[PDB]
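Chemist: Experimental structure and sequence below, a few questions after.
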Amino acid sequence: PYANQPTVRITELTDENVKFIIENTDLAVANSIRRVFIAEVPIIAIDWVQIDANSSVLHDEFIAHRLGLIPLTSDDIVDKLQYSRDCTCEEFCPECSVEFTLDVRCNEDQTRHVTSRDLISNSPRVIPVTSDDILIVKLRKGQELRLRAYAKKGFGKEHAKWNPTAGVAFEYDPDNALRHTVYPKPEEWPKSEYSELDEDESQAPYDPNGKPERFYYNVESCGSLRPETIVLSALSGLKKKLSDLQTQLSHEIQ
Amino acid sequence: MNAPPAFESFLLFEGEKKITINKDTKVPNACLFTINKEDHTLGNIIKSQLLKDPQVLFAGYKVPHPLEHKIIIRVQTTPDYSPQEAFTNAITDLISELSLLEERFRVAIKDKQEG
Amino acid sequence: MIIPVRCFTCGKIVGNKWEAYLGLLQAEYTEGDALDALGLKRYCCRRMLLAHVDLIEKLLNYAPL
Amino acid sequence: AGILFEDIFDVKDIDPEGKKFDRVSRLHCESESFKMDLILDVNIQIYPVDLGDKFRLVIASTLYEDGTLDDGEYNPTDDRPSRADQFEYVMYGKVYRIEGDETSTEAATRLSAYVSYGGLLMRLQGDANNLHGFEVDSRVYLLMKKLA
Ligand SMILES: [Zn+2]
Ligand SMILES: [Zn+2]
């Protein structure tokens, strides 16, 4: 009537992704962790844009929407930030937001690429990830783009720009020993990269007592967070959600 | 124009209870937990944890509508064990599990970084 | 119009790869080789660069105001 | 008590018409201590059954080996001594038909009792004397154990 004793084995760790394996766990917990990776890890992304002057071929909403998807290095600064609506400031402050300013005037006879390099933050710890660089817009001669922006804490459930992951590969039972999926012709199906079957075999023998365990993860970071940090913040956030629900339930019972 | 603001899937407007408990009169020792501003993230994991308790006779959850952010969890236990007690025990076990997993994941990262 | 910042499906950054992609095509790469050189494995990401049309170049021919 | 029927059978065909379901097979079985024909749909995936296998079969009104009624509700926390511990494959169904060779003037000598375990169909044909415990729309348990 109690918790499992889950175990971790990291099979690969780079700056782009972490690949690991969780054993001795329910499928629901593993899927919830996989889901929290996408929807509930808070990062910093541009969410307030004031355009002082735009002469580009792209209208203002296009530029703002593109700026929102710029990923920002939010490794440690995100934890000490607060959500803006929770912050008591007069709408903005260094404790709930990070200011950006962009001012690019193409006064030359060559197409000026306005990239992420031109985004200038008021905080050195929160820069564009590429700072090759993400192209915001291209400008002709005599075209100015001048705006300020603010980037705030949020998570991917609200909007996909706060999604830190760039694809979360998730798997379990690579040889289909549980027959949670039924191949009409198992011969035709290529082996998973985690399969332990020899090539003369196409499918592990059926396991009547099996249960899903040994879930294989490959979490790729878009760049806002290191993948280690993505997984750790995900587990911390899910634990925080469960503890808050525990507090509310204790209040409701009392 | 009828698009809801995106924040009304995890934020409680004023006068809204996060979680509400209602006795189920059809069967003895049965309760319905209606949790607002939650989804399958907590519903599925809590249901799976509750199913591991031997004293839980029934544990299920539903989202009554994908555009409405309620989850209803029905829990029925044996008649010596309140469903509320089972629910609290399930959450405590999940929290202990996730804390253990955090610790082991930090250790695994340190070992992989060191070599 | 212009290259999207993110792949629509997986959310991988693909906006900083258009210029490099074109550069690799001027290096006489096959388009598969160029996409591999830029580290785009999932065909969701490969679809982005492989099917993008950079219409903004045509729009910068017209005078500003 | 509460055992409506008991025998030992041997399988003479696993599926004579070719399998129509990948997990369920239609065993055709014969009884050696009597003359009872059995047709039985078995979930072979969890309980594989080979041709020529022998097994004890028991058709019971209840499981608690006291005559106490079962209530027809799943109680995993049941503590009573159950007959299911003595067997490998236990299904629970409802007899839905009892055919016979009765004429308009005589009683049936041969009876054929049909039981449906959630859809898995069983026919048990044989002498009427062995099948008097059956009665249509009565819940019943099929317990089964393969013998060496
Ligand atoms: Zn503030
Ligand atoms: Zn992609």
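Modeler: Sure, I can see it. Numbering: from 1, shown residues only, chains lettered A, B, ... in the order given. Ligands and ions are numbered 1, 2, ... in the order given.
Chemist: When you work out contacts or count neighbours from here on, use the C-alpha atoms and nothing else.
Modeler: OK.
Chemist: Once you drop chain neighbours, what's closest to the residue in chain D that chain A sits nearest to?
Modeler: Closest residue of chain D to chain A, C-alpha to the nearest C-alpha: residue D:46 (5.8 Å). Nearest residue to residue D:46, sequence neighbours excluded (C-alpha to C-alpha, 6 or more residues apart in numbering or on different chains): residue A:208, at 5.8 Å.
Chemist: ok, so what distance separates the closest residue to residue C:56 other than its chain neighbours from residue C:40?
Modeler: Nearest residue to residue C:56, sequence neighbours excluded (C-alpha to C-alpha, 6+ apart): residue C:1, at 5.3 Å. Between residue C:1 and residue C:40 the distance is 21 Å, computed by C-alpha to C-alpha, to the nearest Å.
Chemist: From ligand 1, how far out is the residue nearest to residue D:46?
Modeler: 56 Å (C-alpha to the ion, to the nearest Å).
Chemist: right, and the secondary structure at the residue of chain D found nearest ligand 2 would be what?
Modeler: Going by C-alpha to the ion, ligand 2 is nearest to residue D:22 of chain D, at 38.3 Å. Put simply, residue D:22 is coil when judged by DSSP: H, G, I helix; E, B strand; the rest coil.
Chemist: so where do the helices sit in chain B?
Modeler: Along chain B, the segments classed as helices by DSSP state H run B:40-51, B:83-114.
Chemist: now chain C
Modeler: Ranges of helices in chain C, per DSSP H, are C:18-26, C:31-37, C:43-51, C:56-59.
Chemist: Ramachandran coordinates for residue D:113?
Modeler: Residue D:113 adopts backbone torsions of phi -100, psi 130, taken as degrees, to the nearest 10.
Chemist: excluding its backbone neighbours, what's nearest it?
Modeler: residue D:98 (4.5 Å).
Chemist: ok so the residue of chain D closest to chain A is a helix residue?
Modeler: No: counting by three-state DSSP, residue D:46 is not found in a helix; it is coil.
Chemist: what sits against the closest residue to residue A:115 other than its chain neighbours?
Modeler: Distances taken as C-alpha to C-alpha, 6+ apart place residue A:135 nearest to residue A:115, at 4.1 Å, with adjacent residues excluded. Each residue near residue A:135 by C-alpha atoms under 8 Å, 6 or more residues apart in numbering or on different chains is listed here: A:113, A:114, A:115, A:116, C:3, C:5, C:15, C:16.
Chemist: Which elements pack onto whichever helix or strand the residue nearest to residue D:113 is part of?
Modeler: Assigned by DSSP states H and E, residue D:98 belongs to strand D:89-100. Applying 3 or more C-alpha pairs under 8 Å, 6 or more residues apart in numbering or on different chains; DSSP states H and E, we find strand D:89-100 packed against strand D:110-117, strand D:139-147.
Chemist: please redo it, this time with the cut-off set to 10 Å
Modeler: strand D:37-43, strand D:54-60, strand D:110-117, strand D:120-127, strand D:139-147 (3 or more C-alpha pairs under 10 Å, 6 or more residues apart in numbering or on different chains; DSSP states H and E).
Chemist: residue contacts, residue 12?
Modeler: Assuming you mean chain A. A:18, A:19, A:20, A:218, B:109, B:112, B:113 (C-alpha atoms under 10 Å, 6 or more residues apart in numbering or on different chains).
Chemist: if you could check chain C rather than the one you did, that'd help
Modeler: Residue C:12 neighbours (C-alpha under 10 Å, 6+ apart): A:164-167, A:220-223, C:5-6, C:40, C:42, C:44-45.
Chemist: Can you pick out the residue with more neighbours from residue C:1 and residue C:40?
Modeler: More crowded of residue C:1 and residue C:40, by other C-alpha atoms under 10 Å in any protein chain shown: residue C:40, with 18 against 12.
Chemist: interface residues of the stretch 151-254 of chain A facing chain B?
Modeler: Counting by C-alpha under 10 Å from any C-alpha of the partner chain, the stretch 151-254 of chain A comes close to chain B at A:157-159, A:228-229, A:231-236, A:238-253.
Chemist: among those, which ones are buried?
Modeler: Buried members of these, scored by 16 or more other C-alpha atoms under 10 Å in any protein chain shown, are A:157-158, A:228-229, A:231-236, A:238-239, A:241-243, A:245-246, A:248-249.
Chemist: Which of the residues you listed fall within strands?
Modeler: Among those, no member is found in strands (DSSP state E).
Chemist: Which of those fall in helices?
Modeler: Reading helices off these with DSSP H, I get A:228-229, A:231-236, A:238-239, A:241-243, A:245-246, A:248-249.
Chemist: Helix, strand or coil: sort out the closest residue to residue A:109 other than its chain neighbours for me.
Modeler: Closest residue in space to residue A:109, ignoring its immediate chain neighbours: residue A:141 at 5.7 Å, by C-alpha to C-alpha, 6+ apart. Assigned by three-state DSSP, the conformation of residue A:141 is coil.
Chemist: rewinding a little: so what's the residue nearest to residue D:46 up against?
Modeler: By C-alpha under 10 Å, 6+ apart, the neighbours of residue A:208 are A:177, A:178, A:179, D:45, D:46, D:47.
Chemist: name the element it belongs to?
Modeler: Applying DSSP H and E, one finds residue A:208 in no helix or strand.
Chemist: now do the one 10 residues further on
Modeler: Assigning secondary structure by DSSP H and E places residue A:218 in strand A:215-221.
Chemist: tell me which residues form a beta bridge with the residue nearest to residue A:172 when sequence neighbours are not counted?
Modeler: Spatial nearest neighbour of residue A:172, chain neighbours left out: residue A:215 (4.6 Å); criterion: C-alpha to C-alpha, 6+ apart. Taking DSSP bridges as the rule, residue A:215 bridges to residue A:22.
Chemist: Run a quick neighbour tally on residue A:215.
Modeler: Residue A:215: 21 neighbours (other C-alpha under 10 Å).
Chemist: With the one 10 residues further on instead?
Modeler: Residues contacting residue A:225 under the criterion other C-alpha under 10 Å number 28.
Chemist: any idea how far ligand 1 is from it?
Modeler: 22 Å.
Chemist: And the nearest residue to residue A:72 once chain neighbours are set aside, how far from residue C:3?
Modeler: Nearest in space to residue A:72, with sequence neighbours left out and distances taken as C-alpha to C-alpha, 6+ apart, is residue A:128 at 4.6 Å. To residue C:3, residue A:128 is 17 Å away according to C-alpha to C-alpha.
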